[PDB]
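Novice: The structure follows.
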Amino acid sequence: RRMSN
Amino acid sequence: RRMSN
Amino acid sequence: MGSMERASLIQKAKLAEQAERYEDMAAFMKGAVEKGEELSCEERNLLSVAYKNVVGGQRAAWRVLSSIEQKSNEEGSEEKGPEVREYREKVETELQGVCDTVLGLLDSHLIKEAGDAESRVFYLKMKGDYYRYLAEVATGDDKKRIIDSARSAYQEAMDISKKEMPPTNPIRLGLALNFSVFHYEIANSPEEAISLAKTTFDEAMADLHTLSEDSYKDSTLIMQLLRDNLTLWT
Amino acid sequence: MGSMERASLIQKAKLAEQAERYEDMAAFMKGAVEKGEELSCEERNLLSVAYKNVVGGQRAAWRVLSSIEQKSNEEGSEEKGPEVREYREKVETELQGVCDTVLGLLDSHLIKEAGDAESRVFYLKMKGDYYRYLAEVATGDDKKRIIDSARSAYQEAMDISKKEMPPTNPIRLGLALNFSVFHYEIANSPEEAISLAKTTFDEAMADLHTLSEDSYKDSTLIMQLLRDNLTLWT
Ligand SMILES: [Ca+2]
Ligand SMILES: [Ca+2]
């Protein structure tokens, strides 16, 4: 799953 | 840590 | 939940388990219990799983905060105000509310309408478990009566299970594991805990030969918990 | 929370973070914001962490239930009633309430009292993030306006950060990562997402030499998230 912040 | 159920 | 159908409550509890939404699952199962009908084996397991994850989160939080509080109460610690104590008390009160809810469900009226040995042992094991959770945080006056409530529920469950269930039954195994943990952590009786664990393990081992492959897997998984506790305590 | 002291709310939010009680942490930080005073860098990070874990749990639950629902809506699936849809809608409504709460905090009155570039970029990044969370579940009519609200917040934050912050600032890096994710997942613009990620990574790489060891660690950790997304998308 793609990374977010 | 000791096991419980 | 008084306006939702029982089947719908069970279905939504399953959905909540899949979504790891255990507070919702607990509320759904509570509504289902409140419908007044006896629960099946699967429904009992759903109820237990839901409230077990809820109280488990609350108990872990309580332990963290209690350790912070007891380090704040040591020599050389700077006074920080009443904040740690107040928050620990709030978490404690919430935990106590969840246990009171479970015990009220058991008392009205799950236990008194459970005739079969399996369901009755399940409910009494739950009762002992949740009185034990109350005993983990109790500090005065009612402490001994809470501990004896746990002991009494556990003992009645043990008697019925010894009379009516085989030594390999997973409910009997889990009940014995939890009663041994009670003896070790709560009742200050580590020798009784070790004795109970080894006796339960041995008598289940002796009857493993009667079981099919899947029942064998089910029983050995909990016997491994007993062996883990034994390795920790010996 | 209107009767508890601001310092006490911050202290209890820290305790809740240590106990992994993120709903309590969010309520504490909300009360702190409601005290009316501007937040420090540490307090902003506490607020963001709290609401990020709350919505993260709710979003994971929403995705699980939405996938169950869309498998129930396929050819060959047995009709199960309105239970999955009702529960997905309930989780969705709760998520939307949390996002509305965060955006109301930002609008009254965090953003309008943030003069410094760091705090203002932080709040606008939050605004874009929570409009994006709303866009993940929106289906009709207001969908495009929600998406444009996210785009607008992200764009203003990008402009201010390009003008007032170095390319290695962790807030700028995280903002660019999230804006690229918006482009990929929400705005249907994967080329813009990839372009933004590679440009941000390269311009931060070019300025790594100005940083101390710990600032270097801080910046490279988020550049690694950018490289992860790039490896996934290329
Ligand atoms: Ca009966
Ligand atoms: Ca200001």
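Residues are referred to by chain and number: the chain letter is A, B, ... according to the order shown in the structure tokens, the number counts from 1 in that chain, and ligands are numbered separately from 1 in the order shown.
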Would you kindly return, as a PyMOL selection string, each protein, DNA or RNA residue with an atom no farther than 10 Å from any atom of stretch 205-210 of chain C, considering only C-alpha atoms and excluding same-chain residues fewer than 5 positions away?

Specialist: chain C and resi 166-168+199-200+215-217+219-220+223

Novice: With C-alpha atoms retained, export the selected residues as a compact mmCIF listing (two decimals), in the first residue's frame.

Specialist:
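The file below, selection-v9.txt, is the result:
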```txt
# COMPACT_ATOMS: atom_id res chain seq x y z
CA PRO C 166 -13.56 -34.86 28.15
CA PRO C 167 -10.10 -33.65 29.23
CA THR C 168 -9.38 -32.51 25.64
CA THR C 199 -2.32 -31.88 35.66
CA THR C 200 -4.54 -30.42 32.91
CA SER C 215 -9.89 -31.79 17.20
CA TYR C 216 -6.25 -32.78 17.81
CA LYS C 217 -5.07 -29.45 16.37
CA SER C 219 -6.62 -29.19 21.71
CA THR C 220 -2.86 -29.10 21.15
CA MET C 223 -2.00 -27.32 25.54
```

Novice: Please identify every polymer residue within 9 Å of ligand 1, using only C-alpha atoms and all ligand atoms, and present the set as a list in words.

Specialist: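 So, counting only C-alpha atoms and all ligand atoms, the residues near ligand 1 are residues 38, 112, 113, 114, 115 and 116 of chain C.
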
Novice: Within 10 Å of residue C:137, counting only C-alpha atoms, which residues qualify if same-chain residues fewer than 6 places away don't, as a PyMOL selection string?

Specialist: chain C and resi 59+62-63+66+89+92-93+95-96+143

Novice: Go ahead and write the selection's residues with C-alpha atoms as a tab-separated table (two decimals), in the first residue's frame.

Specialist:
```tsv
chain	number	residue	atom	x	y	z
C	59	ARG	CA	-6.35	-3.48	30.44
C	62	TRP	CA	-4.43	0.51	32.46
C	63	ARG	CA	-1.12	-1.33	32.93
C	66	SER	CA	-0.34	2.25	36.37
C	89	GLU	CA	-8.80	6.40	37.32
C	92	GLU	CA	-10.07	2.16	35.31
C	93	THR	CA	-13.67	3.34	35.62
C	95	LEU	CA	-12.84	-0.89	32.27
C	96	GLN	CA	-14.99	-1.48	35.35
C	143	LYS	CA	-11.14	-6.71	46.86
```

Novice: Report as a PyMOL selection string all protein, DNA and RNA residues lying within 10 Å of residue A:2, evaluated on only C-alpha atoms, omitting residues in the same chain fewer than 3 positions from it.

Specialist: chain D and resi 177+181+184-185+225-226+228-233

Novice: Show which residues sit within 10 Å of residue B:5, as an MDAnalysis selection string. Count only C-alpha atoms, and ignore same-chain residues fewer than 5 positions away.

Specialist: chainID C and resid 48:49 52 125:126 129 171 173:178 181 222 225

Novice: With N, CA and C atoms retained, write the just-selected residues as an mmCIF file, in the first residue's frame.

Specialist:
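The result, stored in out_17.cif:
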```cif
data_model
loop_
_atom_site.group_PDB
_atom_site.id
_atom_site.type_symbol
_atom_site.label_atom_id
_atom_site.label_comp_id
_atom_site.auth_asym_id
_atom_site.auth_seq_id
_atom_site.Cartn_x
_atom_site.Cartn_y
_atom_site.Cartn_z
ATOM 1 N N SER C 48 -17.811 -13.500 23.342
ATOM 2 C CA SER C 48 -16.571 -13.576 24.106
ATOM 3 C C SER C 48 -15.435 -12.855 23.393
ATOM 4 N N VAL C 49 -15.295 -13.069 22.083
ATOM 5 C CA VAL C 49 -14.230 -12.419 21.323
ATOM 6 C C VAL C 49 -14.371 -10.901 21.393
ATOM 7 N N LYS C 52 -13.665 -9.557 24.883
ATOM 8 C CA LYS C 52 -12.266 -9.865 25.217
ATOM 9 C C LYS C 52 -11.332 -8.851 24.553
ATOM 10 N N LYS C 125 -17.055 -19.620 33.039
ATOM 11 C CA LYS C 125 -15.684 -19.220 32.740
ATOM 12 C C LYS C 125 -15.605 -17.728 32.455
ATOM 13 N N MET C 126 -16.548 -17.207 31.656
ATOM 14 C CA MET C 126 -16.608 -15.764 31.412
ATOM 15 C C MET C 126 -16.766 -14.985 32.713
ATOM 16 N N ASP C 129 -13.583 -14.906 34.528
ATOM 17 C CA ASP C 129 -12.637 -14.046 33.819
ATOM 18 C C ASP C 129 -12.891 -12.574 34.115
ATOM 19 N N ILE C 171 -12.778 -25.761 25.708
ATOM 20 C CA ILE C 171 -13.316 -24.882 26.740
ATOM 21 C C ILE C 171 -12.767 -25.269 28.108
ATOM 22 N N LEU C 173 -9.897 -26.781 28.633
ATOM 23 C CA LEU C 173 -8.482 -26.431 28.632
ATOM 24 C C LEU C 173 -8.284 -24.941 28.881
ATOM 25 N N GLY C 174 -9.045 -24.098 28.172
ATOM 26 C CA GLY C 174 -8.920 -22.663 28.368
ATOM 27 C C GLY C 174 -9.347 -22.228 29.757
ATOM 28 N N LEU C 175 -10.399 -22.857 30.290
ATOM 29 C CA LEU C 175 -10.827 -22.580 31.654
ATOM 30 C C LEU C 175 -9.727 -22.907 32.651
ATOM 31 N N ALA C 176 -9.075 -24.064 32.488
ATOM 32 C CA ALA C 176 -8.000 -24.440 33.405
ATOM 33 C C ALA C 176 -6.811 -23.494 33.278
ATOM 34 N N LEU C 177 -6.458 -23.116 32.048
ATOM 35 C CA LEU C 177 -5.393 -22.137 31.850
ATOM 36 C C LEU C 177 -5.696 -20.837 32.592
ATOM 37 N N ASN C 178 -6.927 -20.331 32.451
ATOM 38 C CA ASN C 178 -7.283 -19.065 33.085
ATOM 39 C C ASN C 178 -7.366 -19.194 34.604
ATOM 40 N N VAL C 181 -3.923 -19.064 35.848
ATOM 41 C CA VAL C 181 -3.448 -17.678 35.840
ATOM 42 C C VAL C 181 -4.020 -16.909 37.029
ATOM 43 N N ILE C 222 -4.058 -25.187 22.598
ATOM 44 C CA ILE C 222 -4.217 -24.662 23.955
ATOM 45 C C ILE C 222 -3.288 -25.371 24.945
ATOM 46 N N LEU C 225 -0.328 -23.383 25.106
ATOM 47 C CA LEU C 225 -0.402 -22.250 26.030
ATOM 48 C C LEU C 225 -0.098 -22.693 27.456
#
```

Novice: Kindly assemble as a tab-separated table a list of the chain D residues that lie within 8 Å of chain C, each paired with its nearest atom pair and their distance in Å to one decimal, using only C-alpha atoms, sorted first by chain and then by ascending residue number.

Specialist:
```
residue	atom	partner	partner_atom	distance
D:8	CA	C:83	CA	6.4
D:11	CA	C:83	CA	7.3
D:12	CA	C:83	CA	6.6
D:15	CA	C:65	CA	7.4
D:18	CA	C:64	CA	7.4
D:19	CA	C:61	CA	4.7
D:20	CA	C:61	CA	7.0
D:21	CA	C:61	CA	7.1
D:60	CA	C:19	CA	7.5
D:61	CA	C:19	CA	4.7
D:62	CA	C:19	CA	7.8
D:64	CA	C:19	CA	5.8
D:65	CA	C:19	CA	6.8
D:83	CA	C:8	CA	6.4
D:84	CA	C:12	CA	7.2
D:87	CA	C:12	CA	7.0
```

Novice: What does the distance from atom CA of residue C:97 to atom CA of residue C:128 come to in Å, to one decimal?

Specialist: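 Distance reported for this atom pair: 16.1 Å.
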